[PDB]
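First comes one chain, alone, set out as structure tokens in the form deposited in one PDB entry.
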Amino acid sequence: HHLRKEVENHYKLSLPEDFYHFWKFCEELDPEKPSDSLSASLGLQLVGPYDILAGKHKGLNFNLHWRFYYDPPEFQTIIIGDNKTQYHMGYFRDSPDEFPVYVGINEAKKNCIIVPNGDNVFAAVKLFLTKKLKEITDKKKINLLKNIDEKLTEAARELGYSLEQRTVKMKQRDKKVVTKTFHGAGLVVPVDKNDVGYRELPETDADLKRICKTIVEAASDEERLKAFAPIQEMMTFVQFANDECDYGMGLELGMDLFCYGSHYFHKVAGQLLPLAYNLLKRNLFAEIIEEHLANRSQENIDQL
């Protein structure tokens, strides 16, 4: 596609082959409006990089474009669904220098959880379709979805794409996950044979969430200052961890605070996440998190 290098220059990210093949699939499906080809049948719409392939881009910050409230920098939205739940799908990359490891989904009006949904967009839409078909009570819609299901399956078969929700390479990546974080999709950082690269937080996730709850529910600013004391302490622990190259600890603390979702945590998360991503040489993610924390909206299409 003639707009390919424009996609990767604007996002500063490399897109996998499934991204481009799926565009051609949707073009054939509805050449008048490829990004809306699944809208009547599935309630889905292609967005983010697809907007560039569609030429819809012709101040424009693609680090924020269709970035929903709980999308960590690893998560790049490509498809949106029901706006009542803010259902959407995105490629998930552990590093800006790698291809996506899978397609994740989140409902931003419900929670911060990122659910795996295949390792390519053909799988992601097929899995969505299978689930959507369970709700359909109209014979014409049933017929339409079965046809689309047949086309997706054959296209995936011809390209050699798995249609499984979790593939082998995905289950292999989970072996590298040093912690789940609050969103459950996992952090992957380099860890050498002496465990250097990561160390655990002093609190469990349930206890960290309890600490966060006492901060947001503090009845006065003085009580909130006191409720912050365990966070301030953990940030000191992160500084020591950074001095000994255990960069993943501050990444995990910052990610959990971001995922909890309170504006009371934007300042500390802005002190943890940019530094951690820079120390990990994931500089683009440091840019994304800075710009997102400065503009963490519930409306996010940069094309207005």
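All residue numbers refer to positions in the sequence shown, first residue = 1.
Deposited sequence between residue 58 and residue 59: 4 to 9 residues lack coordinates. In this entry, the higher average B-factor at the C-alpha atoms falls on 292-300, of the pair 292-300 and 21-29. Once the C-alpha B-factors are averaged per stretch, 215-223 and 167-175 rank with 167-175 first. The PDB entry assigns the greatest CA B-factor among 90, 73, 81, 160 to 160. Between the residues 68, 264, 258, 240, it is 240 that shows the highest Cα B-factor in the PDB record. The deposited CA B-factor of residue 122 belongs to the lowest third of values across its chain.
For residue 96, the recorded CA B-factor ranks within the highest third of the chain. Only modelled residues enter the ranking.
In the PDB entry, residue 202 places in the highest third of its chain by CA B-factor. Ranked by Cα temperature factor within the chain, residue 36 sits in the lowest third according to the deposited record. Among all modelled residues in this chain, the alpha-carbon of residue 149 has a temperature factor (C-alpha) in the middle third.
Separately, the form solved in complex with a partner chain exists; it is not shown, and the next lines address it.
Contact annotation: the partner chain lies within 4.5 Å of heavy atoms from the stretch 224-232 in the deposited bound form, the single such stretch among 106-114, 70-78, 125-133, 224-232. The three marked residues, 209, 259 and 300, fail to reach the partner chain in the deposited bound form, with no heavy atom of any inside 4.5 Å. By the criterion of a heavy atom within 4.5 Å, residue 137 is excluded from the residues contacting the partner chain in the deposited bound form. Heavy atoms of residue 244 reach within 4.5 Å of the partner chain in the deposited bound form, making it an interface residue.
Within this chain, residue 64 is remote from the site of the partner chain in the deposited bound form, having no heavy atom within 4.5 Å.
Although the partner is absent here, residue 58 sits far enough away that none of its heavy atoms falls within 4.5 Å of the partner chain in the deposited bound form. Proximity to the partner chain in the deposited bound form, defined as a heavy atom within 4.5 Å, singles out one entry of 150, 217, 192, 82, which is 192.
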